[PDB]
Amino acid sequence: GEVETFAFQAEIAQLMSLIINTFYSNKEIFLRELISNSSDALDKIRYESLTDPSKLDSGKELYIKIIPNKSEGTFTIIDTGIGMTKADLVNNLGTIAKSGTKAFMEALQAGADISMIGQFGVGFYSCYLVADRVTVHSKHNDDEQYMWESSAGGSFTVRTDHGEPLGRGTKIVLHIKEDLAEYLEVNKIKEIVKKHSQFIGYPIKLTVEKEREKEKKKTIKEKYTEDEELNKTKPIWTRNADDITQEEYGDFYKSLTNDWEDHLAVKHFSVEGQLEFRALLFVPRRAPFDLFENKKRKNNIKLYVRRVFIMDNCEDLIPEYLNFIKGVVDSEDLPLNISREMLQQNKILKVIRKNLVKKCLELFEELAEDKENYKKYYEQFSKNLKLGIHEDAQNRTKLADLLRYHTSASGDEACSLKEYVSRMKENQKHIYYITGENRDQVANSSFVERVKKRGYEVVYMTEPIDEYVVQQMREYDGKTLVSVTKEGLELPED
Amino acid sequence: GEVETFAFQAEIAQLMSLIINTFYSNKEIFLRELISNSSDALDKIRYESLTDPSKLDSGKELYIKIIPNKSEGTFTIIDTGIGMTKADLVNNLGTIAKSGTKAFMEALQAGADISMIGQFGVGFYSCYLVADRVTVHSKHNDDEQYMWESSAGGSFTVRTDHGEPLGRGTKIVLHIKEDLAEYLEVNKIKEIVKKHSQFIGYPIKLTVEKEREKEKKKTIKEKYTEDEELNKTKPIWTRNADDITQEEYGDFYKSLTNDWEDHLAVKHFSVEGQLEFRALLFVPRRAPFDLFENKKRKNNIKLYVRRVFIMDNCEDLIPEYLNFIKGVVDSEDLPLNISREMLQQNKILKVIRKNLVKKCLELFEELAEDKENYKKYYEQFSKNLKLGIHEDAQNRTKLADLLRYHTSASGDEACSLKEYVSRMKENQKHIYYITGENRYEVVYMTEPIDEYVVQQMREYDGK
Ligand SMILES: Nc1ncnc2c1ncn2[C@@H]1O[C@H](COP(=O)(O)OP(=O)(O)OP(=O)(O)O)[C@@H](O)[C@H]1O
Ligand SMILES: Nc1ncnc2c1ncn2[C@@H]1O[C@H](COP(=O)(O)OP(=O)(O)OP(=O)(O)O)[C@@H](O)[C@H]1O
Ligand SMILES: [Mg+2]
Ligand SMILES: [Mg+2]
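Parameters at a glance
- The scheme used for residues numbers each chain from 1 in its written sequence order. That scheme is not guaranteed to match the entry numbering, and residues without coordinates are omitted from view.
- Starting at A for chains and at 1 for ligands, labels are handed out in the order in which the entities are written.
- Neither water nor hydrogens contribute to the side-chain values; these are computed over all heavy atoms in the structure.
- UniProt positions are given in the numbering used here, feature names are shortened, and annotations may be inferred rather than shown by experiment.
- A run of H or I in DSSP becomes a helix once it reaches four residues, and a run of E becomes a strand once it reaches two; helices and strands are each numbered from the N terminus.
- Remark: exposure states derive from per-residue accessible area (1.4 Å probe, protein chains only) relative to the maximum for the residue type, with buried under 20%, exposed over 50%, and partly exposed in between.
- Only heavy atoms matter for contacts: two residues are in contact if any of them lie within 4.5 Å across the pair.
- Here, a strand pair is defined by DSSP locating no fewer than two bridges between the strands.
- For the domains described, the bounds stem from an automatic or database domain assignment.
- Once two parts are brought into contact, the accessible area they lose, counted with a 1.4 Å probe and summed over both, makes up the buried area.
- Here a salt bridge means any side-chain nitrogen of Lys or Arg lying within 4 Å of a carboxyl oxygen belonging to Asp or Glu.
- Here a polar contact is recorded for every N or O atom pair within 3.5 Å, except that within protein the pair must consist of a potential hydrogen donor and a potential acceptor, and residues adjacent in sequence are included only if both atoms are side-chain atoms.
- Any residue with a non-hydrogen atom lying within 4 Å of a molecule or strand is treated as near it.
- Note on areas: Shrake-Rupley, 1.4 Å probe, and residue coverage restricted to the protein chains presented here.

In the nomenclature of the PDB entry, chain B is known as Heat shock protein 83 of Trichoplusia ni. In the PDB, the structure is listed with the title "Cryo-EM structure of the HSP90 dimer (NTD-MD) in the semi-open state". Quoted verbatim from the Sequence similarities (unreviewed entry) heading of the UniProt record, the comment on chain B is "Belongs to the heat shock protein 90 family."

Under the annotation held in the PDB entry, chain A carries the name Heat shock protein 83 and is attributed to Trichoplusia ni. The Subcellular location (unreviewed entry) comment attached to chain A in UniProt states, word for word, "Cytoplasm". The Sequence similarities (unreviewed entry) field of the UniProt record for chain A holds the comment "Belongs to the heat shock protein 90 family."

J.: With reference to specific residues and values, describe the UniProt feature "binding site: ATP 2" (unreviewed entry) in chain B.
T.: Residues and elements named next belong to chain B. UniProt feature "binding site: ATP 2" (unreviewed entry): in the numbering of this structure it lies at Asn 37, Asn 92, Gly 100, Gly 121, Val 122, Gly 123, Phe 124 and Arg 340. Here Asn 37 lies in helix α2 (residues 29-51). Taking relative accessible area as the criterion, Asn 37 reaches 33% and is therefore assigned partly exposed. Structurally, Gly 100 is set in helix α4 (residues 100-107). Judged by its relative accessible area of 17%, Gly 100 is buried. Apart from residues no more than four positions distant in its own chain, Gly 100 is found in contact with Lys 44 and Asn 92.

J.: So what's going on with the pairing of strand β3 (residues 64-68) of chain A? Residues and values would help.
T.: With five of five residues buried, β3 of chain A is to be regarded as a mostly interior element. Counted along the chain from β3 of chain A to the antiparallel partner strand β4 (residues 74-79) of chain A, the turn is five residues long, and its residue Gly 73 of chain A has a positive phi close to 90°.

J.: Could you give an account of unusual backbone geometry, naming the residues involved and the relevant values?
T.: In the Ramachandran plot, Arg 340 of chain A falls in the positive-phi region, its phi being about 55° despite a non-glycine side chain. Considering the arrangement of structural elements, one finds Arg 340 of chain A in the loop between β13 (326-331) and α7 (346-369). The exposure class of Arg 340 of chain A is buried, given its relative accessible area of 7%. In this model, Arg 307 of chain B sits at a positive phi of 65°, which is unusual for a non-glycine residue. Within the secondary structure layout, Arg 307 of chain B lies in the loop between β13 (301-305) and β14 (308-311).

J.: So, the domain arrangement of chain B: which residues are in play, and what are the values?
T.: A common way to express how large an interface is: the accessible area buried when the components associate. Residues and elements named next belong to chain B. We note that the domain assignment places domain 1 (12-227), domain 2 (233-369) and domain 3 (392-463) within chain B. Each side of the interface is counted separately: domain 2 has nine residues, and domain 3 has eight residues. Across the domain 2/domain 3 interface, buried area totals approximately 750 Å², and carbon plus sulfur atoms make up 60% of it. At the junction of domain 2 with domain 3, the criterion picks out one salt bridge. For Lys 418, the salt bridge goes to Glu 365, with nearest N and O atoms at 4.0 Å. Summed over the shared surface of domain 2 and domain 3, the number is one residue pair in polar contact.

J.: Run through the domain arrangement of chain A, naming residues and quoting values.
T.: All names here are of chain A. Domain boundaries assigned for chain A yield domain 1 (12-196), domain 2 (246-378) and domain 3 (403-482). Look at where the C-alpha atoms of domain 2 and domain 3 centre, and you get two points 34 Å apart. Each partner contributes to the interface: domain 2 provides four residues, whereas domain 3 provides four residues. Summed over both partners, the interface of domain 2 with domain 3 buries about 350 Å², with 49% contributed by carbon and sulfur atoms.

J.: Requested: an account of the site of ligand 2, with residues and values cited.
T.: Residue and element names in this part refer to chain B. Close to ligand 2 lie 19 residues; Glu 33, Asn 37, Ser 99, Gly 121 and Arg 340 are nearest. Take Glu 33: an N or O atom from its side chain is 2.8 Å from an oxygen atom of ligand 2. The contact in question runs from an oxygen atom of ligand 2 to an N or O atom on the backbone of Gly 121, over 2.9 Å. In isolation ligand 2 offers 570 Å² of accessible surface; the protein chains occlude 97% of this area. At the level of elements, α2, α3 (86-93) and α4 are the ones that each hand at least two residues to the shell around ligand 2. With four residues, α2 is the single largest residue contributor to the shell around ligand 2.

Given below as C-alpha cells:
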C-alpha cells in the first residue's frame, strides 16, 4: 500500500509570464496597483503617526507624485509613503502571492481597523506591461534608503542607496517601453489615473519637478505640467451619512461616471452580518444610451473595494432588470478575482443581488412619496420593472405596488393599481383591465362600453410588454383580472 | 552599493486561496473545464490515430459519460481520453501554471488541424468551486492508473488506483458541497452540457435510472438506461463542406438549438494561415420571439475555441448586429484568459470579427441565389442588417448591395439594391427607404434604428 504525499509547488518561470499576460488584460494595470500601494503606505503613516506624532519627521505632508521623463523614458513615481525595509522588499514586494497586509495584521492583531487594499501582493508584477525595467527608491521614516530594481524577469536586484536621500516616502523609477512611450504622455498618465485611481484618498500631486538646465540661452518653456485636482483629488468621500452633503456626492458621482449633472437619488447604507459593506448607490438622472445597444459594456454599478475601483461588469452583480443603477459599493469583505475585476462567490453574488434589489425597491418606495421624482423614474426606467414583473416572480407583488398606470378618471397621469384597489365597488369581484395601443381606442371599445355606462373605471395599460405581462398576473389583490379574453362577455353576480 | 539577488518565492498558502475564490466566475464552470480537458485528451488520441491507428485498440468509441448520483452526492465523469502519466499528473495538476496542452501544441506544427484547448494548467483547479473533495482517476495509454486525491489544502496525495477498471481515459469523482446538491440533477446536467459541450466533437452519454415495475411480481426489469441525448449535434465543420446535405443540415440545426423548426442559411468555411479558425453558421427561418426577453443571454455565436465553448460574450469576438446568427466558431490560436472566460489580445478578436463580417456577406450572397429564401431572410432578420448598417463603417458600403427589400411596388418579391444599382436612375436623388417601426419604388424601413441608417447610407456607390 504505497502512499505518496507531495506539497503544492509552482512552475514560476511560466508563472510570471502567466500573471503578466493573462491575469491583467491591459497594460494600464501597471499604475493602479502601485498607486493603491502608495495609498496603503500613506494610511500606514496615518495610523502609526496619530498614535505618535513624533514619527511625523521632516515633511509632515503626505502625497504622491508622478515624474515621467520623455527624454530618458524613466518613469519616476515619488510618494511620501511608509517606504521599504529589507524585509519589505524581500517578502512583501519581492515575493509572489504574498503581501504586506498579512504581516501588518500579524503585527497588529487586535483592533487594527484598517481596510487597506494591499492584500494580493501580486499587483506589483503588473508593472512589466509598460516598463521593461523597474526600479524602486524607497526610504522608511526609520529605516535607511534602499534600491529595488528588476529587469531580467527571473531575477531581481537590490543595492544600498548612498546618493540622494528621500527621508519620507518611495520613489518608484520605471522605464516605459519605447514603443509604448505614449504612456509617458502626461495626458495618458492623468487619464489612466482617473480611470483606475480616481478616489484613492490622497492628493496625487503629479508634480513633475523640472530638470532645470542652467543656461544665448533659452527661456522657461516646460513651466509646469498639469497639477489639476484630478490626480491630486483630496478625499471627501470619507464622510459618513451624517455629514454627507448632496452636492459633494453629486460631484463625486460626476467624477466617477465622467458625468456633468448630479444624481437623481442617493442611497447610502451599511448592510451588516454575514456581509458587511457600505454602498454609495445612486441613480442616473437620465437613462443610459445602451438601450438599443444591449450588448454594450454596461459599467453602471462601479463596485469598489477599500476605496479601489474593481467592478465594471455590472451584469452579473445584479439581475438585469436593475442594471441601470449607477453607484459605488465600498465593501471590506467581498472576495474579488485575482485581477480585481469580477466577483466570484456567486452564492454571495445572489445574496448581494437580493439585498441590493430590496434596498433599491425600498428607495423607490422612498422615491414614491415625492410625485415628480417618481414620475421621472417611471419615464426613465419603468421598463425594467415591467420585465421583473414579467419573469421575476418573487418580487412581482413588490413591483406591482411600484407600478403606475392610467385609468378612466385619472386622465393621463399614471397612478398605482392600489388606487384602483382604493376605489373598487362591492359588486365588483374582479378588477377591470384592458390592453391596447392607446387609452381612448379601448375606452370607446365595446369591451368596456358596457362597463362605461355606469361611469366605471378600467385599467388602461399600453405597451407590448404590457400585452405580454397580463398572462403572468392571473389575479391581483386577491381578485382575478377582467378581460374579454380572460373572462369573456360574462356578468358576475353577488 | 553592494548588490543582492533573489531566488524563487511564491506563497503557496495565498495561491489557491486566490485560485478557489479569486479565479472563476461561476461555480458550474467546474464541469466545463473537465469536459474541455477530456475532449482535449480525445483530440490527442484522434491525432495519434491519424498518425498511428494501431494504439487505439484500448478503445474505439471516443465518447464521454456522465453519472449523476443524488444518493451519494457524487459526480462521476468517465472519458476515453489520452489519460495521465504520474509525472504529467504532478507537473500539471499538482503544479500550477504548467499545461501539457501547450507543450503538445508547441511540440508539433504540421498538424495545424488538431485542436489543443487550454494553455496554462489551472482550469482543473476550478473543480474546488463546488467539490469539497476531488478524486480524479486516470490511466494513460502508456502509464498505469494513478488517482488524484486532494482538497487544495496545501498538499496533494496520489498513488496507484485499484478501484473501477478504467479501460481507457480519465475518471473524475467529486464529492460536492451539501448545499450545492442541486447540481446533481439530471435536468441541470443536461442544461449545462448543452450550453457548454453540445458540439464537443464526441458522444456524451448521460445515464439515468429508469422506471421498473416493482413486485413487477412477474418480471422485474432492469434499473437504468443510458441516454446519449447530449451532443446530438455531431461535429460537421471538422468534416468537409461538400458532404453536407439537408438531413445533416436539419439535424445539426435542431440539436444545436432545441427548436422544432429548421435552418434558413448555412455558411461553412475555414480560414487558415496566420489566423486558423473554422466556423459553422446557422440561421433560423423566423425571427426569435424571445428577442425582447433579455433573460435569454444574447449568445447566438458560441465561440468554441478549439472545439470547446470558451465564453459567449459578444462584446469583442462578434459585433452586436450579428446577434441573430446562431452558430459555432472553431478557433485554434486564441490567447485565453486565466479562467477561460475573457480575452486579452483584442487585435485577433478584431480581425476575426472582420473575417466573420466578410463571411456573412458571403452567406448573404449564397442566399442571394434563391430569391424567395433570401426574401424570407431579409423580412425575418432585417433588424440585424440595418443595425450593422448603423454600427459598422468598415463594411458599410459592402453590406448595402446585399440587402433585399419589399416595397410599395415590388409586392411580395424582395428587390436588391445590387440589381437596383445596376439599373441606377439618373433622375434619382436619394435612395428610397423611409424609417419606420414596421410596414419611384420606395422601401419601408422596418426598424426605428433606420434613422441612423439614413444617417449612414446617405449615398452608396454614387446613389
Ligand atoms: N507605497 C508602496 N509602494 C509600493 N509597494 C508598496 C507600498 N506600500 C506597500 N507596498 C507593498 O507592495 C507589496 C504589494 O504589492 P502590489 O503592488 O502587489 O499590491 P497588492 O498587495 O497586490 O495590492 P494593491 O496593488 O492594491 O496595493 C505589498 O506586499 C505591500 O506591502
Ligand atoms: N481530463 C484531462 N484530459 C487530458 N489532459 C488533462 C485532463 N485534465 C487535466 N489535463 C492536463 O493537465 C493540465 C491541466 O489543465 P487545466 O485543465 O488544469 O488547464 P489547461 O487545460 O492547461 O488550461 P486552462 O487553465 O485554460 O483550463 C492540462 O493543461 C492538460 O494537459
Ligand atoms: Mg500594491
Ligand atoms: Mg484546463
